[PDB]
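S.K.: The structure follows.
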Amino acid sequence: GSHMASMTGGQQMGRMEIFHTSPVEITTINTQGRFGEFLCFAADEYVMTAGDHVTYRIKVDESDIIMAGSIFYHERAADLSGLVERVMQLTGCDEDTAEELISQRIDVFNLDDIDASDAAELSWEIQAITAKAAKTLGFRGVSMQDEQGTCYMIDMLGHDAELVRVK
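Just so you know, the sequence shown maps onto residues 1 to 167 in the authors' numbering.
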């Protein structure tokens with residue numbers, strides 16, 4: 001069975017070669033992210049910082065973040081009540097930041113307001129909790145603010161052949 005996704009008919013709109021990082025050697029997906037959830041990729045050559053890690057270059061719909069980013073239109077509307085209590089207790093974030101934080105629109109790396117020392121370690125947890133959002137829609141389409149300024153968290157499906165080492 002399977003091999004059906006490989007025989008796709010141009011269903012995936014616009015693929016983007018992305019740098020997924022997990023310090024290892026290419027054998028199995030470590031799937032050990034901060035949420036036990038999907039894997040991180042960074043934009044540009046800044047896969048982590050330097051390329052001393054086994055990075056994977058995968059092809060991904062640029063549309064993924066667009067159809068997933070639709071979350072940031074509906075969630076605050078109805079889910080607000082639960083969201084407020086949620087992210088407030090998740091990483092001690094004020095509702096203003098909290099709401100936008102769902103789609104990870106601000107890591108403490110760009111933030112001078114909140115103490116970017118302690119909140120920095122919490123921002124890794126923000127990345128974990130943002131994967132929870134990506135876990136809900138099915139399209140993972142989520143982005144962060146890293147050294148280069150945008151990271152993304154996407155699912156490492158059993159199509160693992162997609163993960164091509166780029167160090």
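Ideal Cβ positions, reconstructed from N, Cα and C, are used throughout, including at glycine.
1) For residue 13 versus residue 63, is the C-beta distance shorter than 9 Å?
2) How should residue 3 be labelled, buried or exposed, when 16 other C-beta atoms within 10 angstroms of its C-beta is the threshold for buried?
3) Please report the distance separating the alpha-carbon of residue 96 from that of residue 6.
4) State yes or no: is the C-beta of residue 61 nearer than 8 Å to some heavy atom of the ligand ADP?
5) Would you say residue 60 and residue 53 are within 9 Å of each other, going by their C-beta atoms?
6) Exposed or buried, what is residue 155 when buried is set at 16 or more other beta-carbons lying within 10 Å of its beta-carbon?
7) Just confirm the distance between the C-beta atoms of residue 146 and residue 42, as a whole number of angstroms; I'd bet it's less than 8 Å.
8) Determine the direct distance from the alpha carbon of residue 130 to that of residue 89, and round the result to whole angstroms.
9) Taking the straight line between their C-alpha atoms, what separation do you get for residue 124 and residue 34?
10) To the nearest angstrom, how far is the alpha carbon of residue 148 from that of residue 44?
11) Residue 9: buried (16+ other C-beta within 10 angstroms of its C-beta) or exposed?
12) I'd like the list of long-range same chain contacts for residue 19, defined as Cβ closer than 7 Å, with 5 residues on each side in sequence excluded.
13) Does the separation of the CB atoms of residue 160 and residue 21 fall below 9 Å?
14) Entirely within the segment 9-37 and at least 3 residues each: give me those beta strand (DSSP E) ranges in chain order.
15) Sort 26, 68 and 17 by Cα distance to residue 132 and report the nearest one.
M.R.: Let's see:
1) Looking up residue 13 in the sequence shown gives position 13. Looking up residue 63 in the sequence shown gives position 63. Cβ distance < 9 Å, so residue 13 and residue 63 count as in contact.
2) For the purposes of this step, residue 3 is taken as residue 3 along the sequence shown, with counting starting at 1. By the neighbour-count rule (16 or more Cβ atoms within 10 Å), residue 3 is not buried but exposed.
3) Locating residue 96 in the sequence shown gives position 96, counting from the first residue. Locating residue 6 in the sequence shown gives position 6, counting from the first residue. Taking the straight line joining both Cα atoms gives about 42 Å.
4) No copy of the ligand ADP occurs in the structure displayed, which carries no ligand at all.
5) If you number the sequence shown from 1, residue 60 lands on position 60. If you number the sequence shown from 1, residue 53 lands on position 53. In this structure, residue 53 does not lie closer than 9 Å to residue 60 by Cβ.
6) Here residue 155 refers to the residue found at position 155 of the sequence shown. Flag for residue 155 reads buried.
7) The sequence position of residue 146 within the sequence shown is 146, counting from 1. The sequence position of residue 42 within the sequence shown is 42, counting from 1. With a Cβ gap of about 5 Å, residue 146 and residue 42 count as contacting.
8) By one-based count along the sequence shown, residue 89 stands at place 89. By one-based count along the sequence shown, residue 130 stands at place 130. Going from the Cα of residue 89 to the Cα of residue 130 covers about 14 Å.
9) By 1-based counting over the sequence shown, the position of residue 124 is 124. By 1-based counting over the sequence shown, the position of residue 34 is 34. In a straight line, the C-alpha of residue 124 is about 7 Å away from that of residue 34.
10) By one-based count along the sequence shown, residue 148 stands at place 148. By one-based count along the sequence shown, residue 44 stands at place 44. Cα-Cα distance, rounded: 7 Å.
11) Numbered from its first residue, the sequence shown carries residue 9 at position 9. By the neighbour-count rule (16 or more Cβ atoms within 10 Å), residue 9 is not buried but exposed.
12) Position 19 of the sequence shown holds residue 19. Only 41, 42, 47, 55, 57 and 166 meet the Cβ criterion.
13) Here residue 160 refers to the residue found at position 160 of the sequence shown. Here residue 21 refers to the residue found at position 21 of the sequence shown. Result no, Cβ atoms of residue 160 and residue 21 do not sit closer than 9 Å.
14) 15-21
15) Counted from its first residue, the sequence shown places residue 132 at position 132. The shortest C-alpha separation from residue 132 is found at 68.
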